[PDB]
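First up is the structure itself, then whatever we jot down about it.
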Number of protein chains: 2
Amino acid sequence: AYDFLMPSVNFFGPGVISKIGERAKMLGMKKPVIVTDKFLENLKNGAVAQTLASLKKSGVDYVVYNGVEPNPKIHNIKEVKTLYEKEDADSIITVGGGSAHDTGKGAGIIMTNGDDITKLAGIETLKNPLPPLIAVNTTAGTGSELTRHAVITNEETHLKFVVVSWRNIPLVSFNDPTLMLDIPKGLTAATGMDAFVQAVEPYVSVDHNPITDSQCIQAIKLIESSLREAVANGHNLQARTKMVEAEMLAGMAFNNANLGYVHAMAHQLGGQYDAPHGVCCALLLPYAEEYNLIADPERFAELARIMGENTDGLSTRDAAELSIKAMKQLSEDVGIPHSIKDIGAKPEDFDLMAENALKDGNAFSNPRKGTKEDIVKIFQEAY
Amino acid sequence: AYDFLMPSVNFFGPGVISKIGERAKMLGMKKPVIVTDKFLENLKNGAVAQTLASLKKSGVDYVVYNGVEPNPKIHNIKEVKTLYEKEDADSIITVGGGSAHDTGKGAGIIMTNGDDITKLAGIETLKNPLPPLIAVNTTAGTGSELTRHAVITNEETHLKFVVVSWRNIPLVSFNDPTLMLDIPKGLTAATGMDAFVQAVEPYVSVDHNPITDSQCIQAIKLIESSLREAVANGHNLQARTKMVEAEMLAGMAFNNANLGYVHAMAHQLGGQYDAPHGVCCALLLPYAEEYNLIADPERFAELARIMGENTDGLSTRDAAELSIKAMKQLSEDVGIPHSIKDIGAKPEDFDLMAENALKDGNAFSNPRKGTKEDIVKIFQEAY
Ligand code: NI
Ligand code: NI
């Protein structure tokens, strides 16, 4: 009736990378495709270079794929899957942010099943599972290394459809804090807000449960205390670790109870202006939730306490505001723009972009379903 | 460096059973051994009868094993594994309490690897994993359907050794609240305390982490509010559900940070007097933790708040007591005996049983390592 979908093994803390090399060995895998963006291939902090070697070190082969695109295309999947057909892979290893992992998952399902991303779009339509996937992740925000979602972009009506199948879930997650030093200010603030959005969205979600609620708060608790630190001293590993924790505890929950509107709205803005996922999420949250108050502000009371607001003066509805206050404040501390106008949207675009909220699968888990009116009026509120 | 080990799919709420039949089908399995005790085979509330049929209903075979013994023996494993060699199994399904699941896991590992429970005892010594295991569980306490532990008993020195390998972890967990109506007063109080012990033990544990801490409290939060209910109105499903939640949220955490002494001590008493695991755990907890105070009573402050104690008057050490008070009170509400004397132990046995605490692997995760003296003095305190 209600399922809890998490990866079977998740490694954490420093060494987690090397240790997953060992676990990729002890799992009996030989020749995998590595899926990543440009930056990491080019760079060599943690890079791909330090992994490929660490991968060969515990006795295992390798072949990389550079050309991964932000907003993973149906083309990238075909390019990277065919790319390894020449080496006949058994495991897949994705290094990078969200955009990387979704592709790996794309190649994944299609590498086993009938090669057809949209035939495979919807809920759990696949019969076979993806080839053992190991998600080495470098962002502190998106939960994709654990998540059962791969969203693949496709340039026909420039559609963005969803493969929400369980047999996407990776076999092992790995989060080495050190691969996340790569994140510079701008990006740790972006992903760091994204994760946190992912945490409140399900915490108020229609389909939240004990487990969710639980992981969701501690995630925000960990963000309050450790986010701003990482944004200043990106080098501070201790905050870079607990931020990594947050991102997963957040993942755990948002995977199992979905998101509300903040994501449904911000998904549209992210691929109709190509504005970054995390910032368009941060800039929208306080208004998307200020709306959500009426239905369940009893829960924001927690969101607030988790923010470290002393709410024992306030009643339910009024405390729920102080949470919106602190949410909004936090973003202005990590240097997210305060209004949408800055990101460069336009009021003439609002009626169109809002119709597409009805279409985003994630929207159904909002605690309070809203008329075409009030949701456009949220975009105005966003201004 | 730090791993998080949970099953890949866990179902919950009513229907979870039938739904796992579907998932056993959609996974492409044909002929499994079912592992259970007497009671459930004999009985037919949820029984095995309702499962075997529900299993055949989604197109899959079946063969049961009745003779599972409390404190699973090395003999039971051999009996049930050979039992299905005649039908050549592909999946395994265990229905029942902890004693059931440990056996299923035993058969499991040995059904793939060199048939040698103790050759396979220790940490992660196995190379291959167990045949896909699905743990339908009927107790509200032991986490075994998720846990990476199988402890197999063996009558040579009457040793009780541990197969603490990850490749034990089941492929799917299922918790249908309705299969837990079978639990009568005495047993829901026993397991219900056991789970809760499992929750504090890691919450103070040396190797606790954010995820642990998180799941651990909500587990106790859910126990406070819903345990006593289930013990009175065993028929009350709503409390029987949130109790089922607790038991796993507890599992999640105690699997990843181990336990302290309460378990290390109570394990000995459970197989040197054959007294029930849960009650010998409940009767010991307040004293095992009253000792633990000095090292970290800052955390009991939470345990307490999670108990619903208003602790904002008290300082760290004194609040930590009120938690011991409430822990002790809770057990006397669900009708656990207040002293060990009642269970029928003896002071002459104490020096012997205490030496065996040094041997219990779980003991190493106690926040405060204790001399042979103070731990025997805990048994006295237990009196
Ligand atoms: Ni997101
Ligand atoms: Ni136990």
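Just remember, in the structure tokens the first chain shown is A, the second B, etc., residues are 1-based per chain, and ligands are 1-based in the order shown.
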Can you tell me which residues sit at most 10 Å away from ligand 1, counting only C-alpha atoms and all ligand atoms, written as a PDB file with C-alpha atoms, in the first residue's frame?
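Now in selection_12.pdb:
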ATOM      1  CA  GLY A  98      21.935  15.191 -10.923  1.00  0.00           C
ATOM      2  CA  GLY A 141      21.502  18.922  -3.191  1.00  0.00           C
ATOM      3  CA  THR A 142      19.963  16.538  -5.701  1.00  0.00           C
ATOM      4  CA  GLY A 143      19.303  13.065  -4.236  1.00  0.00           C
ATOM      5  CA  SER A 144      19.576  11.253  -7.586  1.00  0.00           C
ATOM      6  CA  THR A 191      22.099  22.671  -4.652  1.00  0.00           C
ATOM      7  CA  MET A 193      18.741  25.143  -1.278  1.00  0.00           C
ATOM      8  CA  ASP A 194      17.399  22.528  -3.716  1.00  0.00           C
ATOM      9  CA  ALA A 195      17.913  19.730  -1.172  1.00  0.00           C
ATOM     10  CA  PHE A 196      16.233  21.765   1.542  1.00  0.00           C
ATOM     11  CA  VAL A 197      13.304  22.517  -0.766  1.00  0.00           C
ATOM     12  CA  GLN A 198      13.158  18.792  -1.391  1.00  0.00           C
ATOM     13  CA  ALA A 199      12.910  18.404   2.401  1.00  0.00           C
ATOM     14  CA  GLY A 251      16.540  12.323  -0.695  1.00  0.00           C
ATOM     15  CA  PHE A 254      11.348  13.164  -1.034  1.00  0.00           C
ATOM     16  CA  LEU A 259       7.175  17.091  -3.783  1.00  0.00           C
ATOM     17  CA  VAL A 262       7.830  24.541  -5.534  1.00  0.00           C
ATOM     18  CA  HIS A 263       9.300  21.809  -7.743  1.00  0.00           C
ATOM     19  CA  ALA A 264       6.378  21.608 -10.184  1.00  0.00           C
ATOM     20  CA  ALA A 266      10.483  25.611 -10.756  1.00  0.00           C
ATOM     21  CA  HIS A 267      10.828  22.671 -13.191  1.00  0.00           C
ATOM     22  CA  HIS A 277      17.129  24.266 -10.854  1.00  0.00           C
ATOM     23  CA  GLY A 278      18.219  25.162  -7.311  1.00  0.00           C
ATOM     24  CA  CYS A 281      13.560  26.540  -6.474  1.00  0.00           C
TER      25      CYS A 281
END
Contact residues (chain B, partner chain A, 6 Å, only C-alpha atoms) as a PyMOL selection string: chain B and resi 1-13+15-16+214
Selection: 6 Å around range 352-369 of chain B, only C-alpha atoms, excl. self and same-chain fewer than 3 positions, as a VMD selection string: chain B and resid 205 to 206 258 to 261 264 to 265 295 349 376
Take the residues from that selection and put them in a file with C-alpha atoms, as a short mmCIF file (atom, residue, chain, number, x, y, z; two decimals), in the first residue's frame.
data_model
loop_
_atom_site.label_atom_id
_atom_site.label_comp_id
_atom_site.auth_asym_id
_atom_site.auth_seq_id
_atom_site.Cartn_x
_atom_site.Cartn_y
_atom_site.Cartn_z
CA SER B 205 25.77 4.25 20.44
CA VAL B 206 29.42 5.06 19.64
CA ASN B 258 24.93 -1.17 16.75
CA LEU B 259 23.58 -1.67 20.25
CA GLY B 260 25.13 -1.10 23.66
CA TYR B 261 25.01 -3.38 26.69
CA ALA B 264 24.86 -7.72 25.13
CA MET B 265 23.68 -8.57 28.66
CA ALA B 295 29.47 9.38 29.28
CA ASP B 349 25.18 -16.96 38.08
CA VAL B 376 28.41 -7.22 37.33
#
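The interatomic distance for the pair CA of residue 154 in chain B and CA of residue 132 in chain B works out to 24.8 Å.
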Residue 296 in chain A surroundings by only C-alpha atoms, 10 Å radius, close-in-sequence under 3 positions cut, as a list in words: residues 204, 205, 289, 292, 293, 299, 300, 301, 316, 317, 320, 367 and 368 of chain A
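Looking only at range 169-299 of chain A, the set that DSSP places in strand (DSSP E) from backbone geometry is residues 172, 173, 174 and 175 of chain A.
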Atoms to include: N, CA and C atoms. Write the selected residues as a tab-separated table (two decimals), in the first residue's frame.
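Resulting contents of out-v4.tsv:
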chain	number	residue	atom	x	y	z
A	172	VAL	N	24.26	0.80	-5.41
A	172	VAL	CA	25.03	1.41	-4.35
A	172	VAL	C	25.07	2.91	-4.56
A	173	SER	N	24.93	3.65	-3.47
A	173	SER	CA	25.19	5.07	-3.46
A	173	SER	C	26.53	5.32	-2.78
A	174	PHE	N	27.23	6.34	-3.24
A	174	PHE	CA	28.46	6.78	-2.59
A	174	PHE	C	28.47	8.30	-2.50
A	175	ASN	N	28.71	8.79	-1.30
A	175	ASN	CA	28.89	10.22	-1.07
A	175	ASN	C	30.18	10.46	-0.32
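Near range 40-42 of chain B, within a cut-off of 8 Å and counting only C-alpha atoms, sit the residues residues 47, 48, 49, 66 and 96 of chain B, with same-chain residues fewer than 5 positions away left out.
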Point-to-point distance in Å for CA of residue 36 in chain A and CA of residue 183 in chain A: 15.0 Å
Contacts of residue 327 in chain B within 9 Å, only C-alpha atoms, excl. fewer than 5 positions in-chain, as an MDAnalysis selection string: chainID B and resid 282 285:286 304 307 322
Identify, on the basis of only C-alpha atoms, every residue whose closest approach to range 77-89 of chain A does not exceed 12 Å; exclude the query and any residue fewer than 6 positions from it along the same chain; express the result as a PDB file with N, CA, C and O atoms, in the first residue's frame.
ATOM      1  N   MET A  29      32.365  -7.245 -10.852  1.00  0.00           N
ATOM      2  CA  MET A  29      32.159  -6.457 -12.073  1.00  0.00           C
ATOM      3  C   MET A  29      33.484  -6.197 -12.785  1.00  0.00           C
ATOM      4  O   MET A  29      34.526  -6.115 -12.134  1.00  0.00           O
ATOM      5  N   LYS A  30      33.456  -6.072 -14.111  1.00  0.00           N
ATOM      6  CA  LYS A  30      34.708  -6.018 -14.873  1.00  0.00           C
ATOM      7  C   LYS A  30      34.920  -4.771 -15.739  1.00  0.00           C
ATOM      8  O   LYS A  30      35.984  -4.162 -15.680  1.00  0.00           O
ATOM      9  N   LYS A  31      33.923  -4.391 -16.530  1.00  0.00           N
ATOM     10  CA  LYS A  31      34.102  -3.324 -17.516  1.00  0.00           C
ATOM     11  C   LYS A  31      32.860  -2.437 -17.584  1.00  0.00           C
ATOM     12  O   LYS A  31      31.905  -2.773 -18.281  1.00  0.00           O
ATOM     13  N   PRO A  32      32.869  -1.304 -16.853  1.00  0.00           N
ATOM     14  CA  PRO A  32      31.741  -0.369 -16.789  1.00  0.00           C
ATOM     15  C   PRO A  32      31.913   0.910 -17.613  1.00  0.00           C
ATOM     16  O   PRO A  32      33.045   1.320 -17.894  1.00  0.00           O
ATOM     17  N   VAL A  33      30.796   1.538 -17.983  1.00  0.00           N
ATOM     18  CA  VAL A  33      30.850   2.900 -18.508  1.00  0.00           C
ATOM     19  C   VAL A  33      30.709   3.889 -17.363  1.00  0.00           C
ATOM     20  O   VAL A  33      29.853   3.743 -16.486  1.00  0.00           O
ATOM     21  N   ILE A  34      31.586   4.878 -17.369  1.00  0.00           N
ATOM     22  CA  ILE A  34      31.505   5.972 -16.428  1.00  0.00           C
ATOM     23  C   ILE A  34      30.801   7.144 -17.098  1.00  0.00           C
ATOM     24  O   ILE A  34      31.122   7.517 -18.222  1.00  0.00           O
ATOM     25  N   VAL A  35      29.821   7.701 -16.402  1.00  0.00           N
ATOM     26  CA  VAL A  35      29.001   8.774 -16.938  1.00  0.00           C
ATOM     27  C   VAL A  35      29.243  10.059 -16.141  1.00  0.00           C
ATOM     28  O   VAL A  35      29.066  10.080 -14.918  1.00  0.00           O
ATOM     29  N   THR A  36      29.663  11.116 -16.836  1.00  0.00           N
ATOM     30  CA  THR A  36      29.984  12.396 -16.191  1.00  0.00           C
ATOM     31  C   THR A  36      29.823  13.581 -17.139  1.00  0.00           C
ATOM     32  O   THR A  36      29.608  13.398 -18.336  1.00  0.00           O
ATOM     33  N   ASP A  37      29.936  14.793 -16.597  1.00  0.00           N
ATOM     34  CA  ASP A  37      29.911  16.015 -17.405  1.00  0.00           C
ATOM     35  C   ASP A  37      31.297  16.352 -17.984  1.00  0.00           C
ATOM     36  O   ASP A  37      32.226  15.534 -17.927  1.00  0.00           O
ATOM     37  N   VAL A  60      39.691  -3.639 -11.928  1.00  0.00           N
ATOM     38  CA  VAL A  60      38.510  -3.461 -12.789  1.00  0.00           C
ATOM     39  C   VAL A  60      38.730  -2.459 -13.937  1.00  0.00           C
ATOM     40  O   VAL A  60      39.430  -1.451 -13.773  1.00  0.00           O
ATOM     41  N   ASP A  61      38.111  -2.742 -15.085  1.00  0.00           N
ATOM     42  CA  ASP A  61      38.252  -1.922 -16.294  1.00  0.00           C
ATOM     43  C   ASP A  61      37.478  -0.595 -16.238  1.00  0.00           C
ATOM     44  O   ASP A  61      37.016  -0.192 -15.169  1.00  0.00           O
ATOM     45  N   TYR A  62      37.335   0.068 -17.391  1.00  0.00           N
ATOM     46  CA  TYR A  62      36.924   1.477 -17.449  1.00  0.00           C
ATOM     47  C   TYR A  62      36.713   1.984 -18.878  1.00  0.00           C
ATOM     48  O   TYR A  62      37.469   1.622 -19.781  1.00  0.00           O
ATOM     49  N   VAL A  63      35.693   2.821 -19.077  1.00  0.00           N
ATOM     50  CA  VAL A  63      35.570   3.697 -20.259  1.00  0.00           C
ATOM     51  C   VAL A  63      34.612   4.839 -19.911  1.00  0.00           C
ATOM     52  O   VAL A  63      33.481   4.601 -19.482  1.00  0.00           O
ATOM     53  N   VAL A  64      35.064   6.072 -20.111  1.00  0.00           N
ATOM     54  CA  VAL A  64      34.316   7.267 -19.699  1.00  0.00           C
ATOM     55  C   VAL A  64      33.350   7.800 -20.782  1.00  0.00           C
ATOM     56  O   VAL A  64      33.368   7.340 -21.921  1.00  0.00           O
ATOM     57  N   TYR A  65      32.483   8.737 -20.402  1.00  0.00           N
ATOM     58  CA  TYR A  65      31.652   9.488 -21.346  1.00  0.00           C
ATOM     59  C   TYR A  65      31.559  10.948 -20.893  1.00  0.00           C
ATOM     60  O   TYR A  65      30.996  11.245 -19.842  1.00  0.00           O
ATOM     61  N   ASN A  66      32.131  11.845 -21.693  1.00  0.00           N
ATOM     62  CA  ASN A  66      32.259  13.264 -21.349  1.00  0.00           C
ATOM     63  C   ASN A  66      31.006  14.076 -21.627  1.00  0.00           C
ATOM     64  O   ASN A  66      30.642  14.962 -20.851  1.00  0.00           O
ATOM     65  N   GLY A  67      30.353  13.764 -22.741  1.00  0.00           N
ATOM     66  CA  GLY A  67      29.437  14.698 -23.391  1.00  0.00           C
ATOM     67  C   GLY A  67      28.070  14.880 -22.719  1.00  0.00           C
ATOM     68  O   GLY A  67      27.137  15.390 -23.352  1.00  0.00           O
ATOM     69  N   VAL A  68      27.950  14.484 -21.451  1.00  0.00           N
ATOM     70  CA  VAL A  68      26.699  14.682 -20.704  1.00  0.00           C
ATOM     71  C   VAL A  68      26.299  16.157 -20.649  1.00  0.00           C
ATOM     72  O   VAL A  68      27.122  17.035 -20.365  1.00  0.00           O
ATOM     73  N   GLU A  69      25.024  16.404 -20.933  1.00  0.00           N
ATOM     74  CA  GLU A  69      24.496  17.754 -21.037  1.00  0.00           C
ATOM     75  C   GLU A  69      23.601  18.100 -19.853  1.00  0.00           C
ATOM     76  O   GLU A  69      22.832  17.252 -19.397  1.00  0.00           O
ATOM     77  N   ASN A  71      20.406  19.188 -18.169  1.00  0.00           N
ATOM     78  CA  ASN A  71      19.117  18.719 -18.685  1.00  0.00           C
ATOM     79  C   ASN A  71      19.364  17.570 -19.667  1.00  0.00           C
ATOM     80  O   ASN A  71      19.326  17.775 -20.882  1.00  0.00           O
ATOM     81  N   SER A  99      22.242  15.822 -13.228  1.00  0.00           N
ATOM     82  CA  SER A  99      22.196  15.670 -14.680  1.00  0.00           C
ATOM     83  C   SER A  99      22.969  14.449 -15.143  1.00  0.00           C
ATOM     84  O   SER A  99      22.598  13.817 -16.132  1.00  0.00           O
ATOM     85  N   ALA A 100      24.039  14.122 -14.423  1.00  0.00           N
ATOM     86  CA  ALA A 100      24.835  12.933 -14.710  1.00  0.00           C
ATOM     87  C   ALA A 100      24.042  11.659 -14.416  1.00  0.00           C
ATOM     88  O   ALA A 100      23.869  10.814 -15.297  1.00  0.00           O
ATOM     89  N   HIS A 101      23.540  11.547 -13.188  1.00  0.00           N
ATOM     90  CA  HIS A 101      22.862  10.339 -12.715  1.00  0.00           C
ATOM     91  C   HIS A 101      21.620   9.976 -13.524  1.00  0.00           C
ATOM     92  O   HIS A 101      21.370   8.800 -13.775  1.00  0.00           O
ATOM     93  N   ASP A 102      20.837  10.976 -13.920  1.00  0.00           N
ATOM     94  CA  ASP A 102      19.644  10.716 -14.710  1.00  0.00           C
ATOM     95  C   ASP A 102      20.000  10.023 -16.015  1.00  0.00           C
ATOM     96  O   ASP A 102      19.324   9.071 -16.417  1.00  0.00           O
ATOM     97  N   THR A 103      21.073  10.494 -16.654  1.00  0.00           N
ATOM     98  CA  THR A 103      21.597   9.892 -17.883  1.00  0.00           C
ATOM     99  C   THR A 103      22.027   8.444 -17.646  1.00  0.00           C
ATOM    100  O   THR A 103      21.573   7.535 -18.339  1.00  0.00           O
ATOM    101  N   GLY A 104      22.891   8.235 -16.656  1.00  0.00           N
ATOM    102  CA  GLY A 104      23.307   6.896 -16.267  1.00  0.00           C
ATOM    103  C   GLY A 104      22.127   5.960 -16.109  1.00  0.00           C
ATOM    104  O   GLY A 104      22.165   4.825 -16.571  1.00  0.00           O
ATOM    105  N   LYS A 105      21.073   6.445 -15.460  1.00  0.00           N
ATOM    106  CA  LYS A 105      19.836   5.688 -15.289  1.00  0.00           C
ATOM    107  C   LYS A 105      19.135   5.462 -16.622  1.00  0.00           C
ATOM    108  O   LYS A 105      18.579   4.394 -16.860  1.00  0.00           O
ATOM    109  N   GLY A 106      19.155   6.475 -17.483  1.00  0.00           N
ATOM    110  CA  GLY A 106      18.589   6.348 -18.822  1.00  0.00           C
ATOM    111  C   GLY A 106      19.264   5.217 -19.578  1.00  0.00           C
ATOM    112  O   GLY A 106      18.615   4.225 -19.935  1.00  0.00           O
ATOM    113  N   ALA A 107      20.574   5.367 -19.802  1.00  0.00           N
ATOM    114  CA  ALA A 107      21.398   4.314 -20.389  1.00  0.00           C
ATOM    115  C   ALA A 107      21.071   3.006 -19.686  1.00  0.00           C
ATOM    116  O   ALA A 107      20.752   2.016 -20.337  1.00  0.00           O
ATOM    117  N   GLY A 108      21.106   3.037 -18.353  1.00  0.00           N
ATOM    118  CA  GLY A 108      20.736   1.908 -17.511  1.00  0.00           C
ATOM    119  C   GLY A 108      19.537   1.115 -18.001  1.00  0.00           C
ATOM    120  O   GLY A 108      19.697   0.020 -18.532  1.00  0.00           O
ATOM    121  N   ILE A 109      18.336   1.662 -17.831  1.00  0.00           N
ATOM    122  CA  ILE A 109      17.119   0.933 -18.188  1.00  0.00           C
ATOM    123  C   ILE A 109      17.186   0.440 -19.633  1.00  0.00           C
ATOM    124  O   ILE A 109      16.921  -0.738 -19.902  1.00  0.00           O
ATOM    125  N   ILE A 110      17.570   1.340 -20.542  1.00  0.00           N
ATOM    126  CA  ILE A 110      17.607   1.055 -21.980  1.00  0.00           C
ATOM    127  C   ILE A 110      18.675   0.024 -22.358  1.00  0.00           C
ATOM    128  O   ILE A 110      18.530  -0.701 -23.349  1.00  0.00           O
ATOM    129  N   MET A 111      19.733  -0.044 -21.551  1.00  0.00           N
ATOM    130  CA  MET A 111      20.796  -1.041 -21.704  1.00  0.00           C
ATOM    131  C   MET A 111      20.346  -2.469 -21.397  1.00  0.00           C
ATOM    132  O   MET A 111      21.070  -3.427 -21.687  1.00  0.00           O
ATOM    133  N   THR A 112      19.166  -2.600 -20.794  1.00  0.00           N
ATOM    134  CA  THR A 112      18.593  -3.902 -20.479  1.00  0.00           C
ATOM    135  C   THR A 112      17.309  -4.131 -21.258  1.00  0.00           C
ATOM    136  O   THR A 112      17.084  -5.223 -21.778  1.00  0.00           O
ATOM    137  N   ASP A 115      14.935  -0.362 -26.144  1.00  0.00           N
ATOM    138  CA  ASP A 115      15.550   0.977 -26.186  1.00  0.00           C
ATOM    139  C   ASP A 115      14.573   2.091 -26.576  1.00  0.00           C
ATOM    140  O   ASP A 115      14.496   2.493 -27.746  1.00  0.00           O
ATOM    141  N   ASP A 116      13.851   2.601 -25.579  1.00  0.00           N
ATOM    142  CA  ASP A 116      12.726   3.498 -25.818  1.00  0.00           C
ATOM    143  C   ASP A 116      12.355   4.252 -24.540  1.00  0.00           C
ATOM    144  O   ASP A 116      11.487   3.814 -23.772  1.00  0.00           O
ATOM    145  N   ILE A 117      13.018   5.387 -24.320  1.00  0.00           N
ATOM    146  CA  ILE A 117      12.866   6.150 -23.079  1.00  0.00           C
ATOM    147  C   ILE A 117      11.407   6.434 -22.729  1.00  0.00           C
ATOM    148  O   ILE A 117      11.007   6.270 -21.575  1.00  0.00           O
ATOM    149  N   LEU A 130      17.766  -2.021 -14.394  1.00  0.00           N
ATOM    150  CA  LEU A 130      18.973  -1.436 -14.998  1.00  0.00           C
ATOM    151  C   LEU A 130      20.242  -2.196 -14.590  1.00  0.00           C
ATOM    152  O   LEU A 130      20.251  -2.841 -13.537  1.00  0.00           O
ATOM    153  N   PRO A 131      21.315  -2.128 -15.416  1.00  0.00           N
ATOM    154  CA  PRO A 131      22.557  -2.803 -15.036  1.00  0.00           C
ATOM    155  C   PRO A 131      23.129  -2.129 -13.818  1.00  0.00           C
ATOM    156  O   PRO A 131      23.140  -0.900 -13.750  1.00  0.00           O
ATOM    157  N   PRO A 132      23.582  -2.929 -12.849  1.00  0.00           N
ATOM    158  CA  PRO A 132      24.042  -2.427 -11.566  1.00  0.00           C
ATOM    159  C   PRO A 132      24.655  -1.039 -11.679  1.00  0.00           C
ATOM    160  O   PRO A 132      25.664  -0.863 -12.365  1.00  0.00           O
ATOM    161  N   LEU A 133      24.013  -0.065 -11.034  1.00  0.00           N
ATOM    162  CA  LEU A 133      24.445   1.328 -11.106  1.00  0.00           C
ATOM    163  C   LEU A 133      25.009   1.818  -9.788  1.00  0.00           C
ATOM    164  O   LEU A 133      24.420   1.615  -8.734  1.00  0.00           O
ATOM    165  N   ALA A 150      14.414   9.026 -13.010  1.00  0.00           N
ATOM    166  CA  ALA A 150      15.209   9.559 -14.113  1.00  0.00           C
ATOM    167  C   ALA A 150      14.278  10.373 -15.005  1.00  0.00           C
ATOM    168  O   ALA A 150      13.321   9.836 -15.572  1.00  0.00           O
ATOM    169  N   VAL A 151      14.531  11.677 -15.091  1.00  0.00           N
ATOM    170  CA  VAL A 151      13.768  12.536 -16.000  1.00  0.00           C
ATOM    171  C   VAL A 151      14.622  12.862 -17.236  1.00  0.00           C
ATOM    172  O   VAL A 151      15.691  13.473 -17.131  1.00  0.00           O
ATOM    173  N   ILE A 152      14.169  12.403 -18.398  1.00  0.00           N
ATOM    174  CA  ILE A 152      14.943  12.558 -19.622  1.00  0.00           C
ATOM    175  C   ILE A 152      14.298  13.592 -20.524  1.00  0.00           C
ATOM    176  O   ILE A 152      13.098  13.526 -20.809  1.00  0.00           O
ATOM    177  N   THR A 153      15.103  14.559 -20.954  1.00  0.00           N
ATOM    178  CA  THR A 153      14.627  15.601 -21.847  1.00  0.00           C
ATOM    179  C   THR A 153      14.674  15.116 -23.308  1.00  0.00           C
ATOM    180  O   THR A 153      15.491  14.254 -23.657  1.00  0.00           O
ATOM    181  N   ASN A 154      13.781  15.661 -24.138  1.00  0.00           N
ATOM    182  CA  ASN A 154      13.598  15.222 -25.528  1.00  0.00           C
ATOM    183  C   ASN A 154      13.068  16.344 -26.429  1.00  0.00           C
ATOM    184  O   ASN A 154      11.948  16.830 -26.233  1.00  0.00           O
TER     185      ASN A 154
END
Nearest residue to residue 271 in chain B from the set B:345, B:97, B:139, B:59 (distances using only C-alpha atoms): B:345
One-decimal distance in Å that lies between CA of residue 348 in chain A and CA of residue 331 in chain A: 26.3 Å
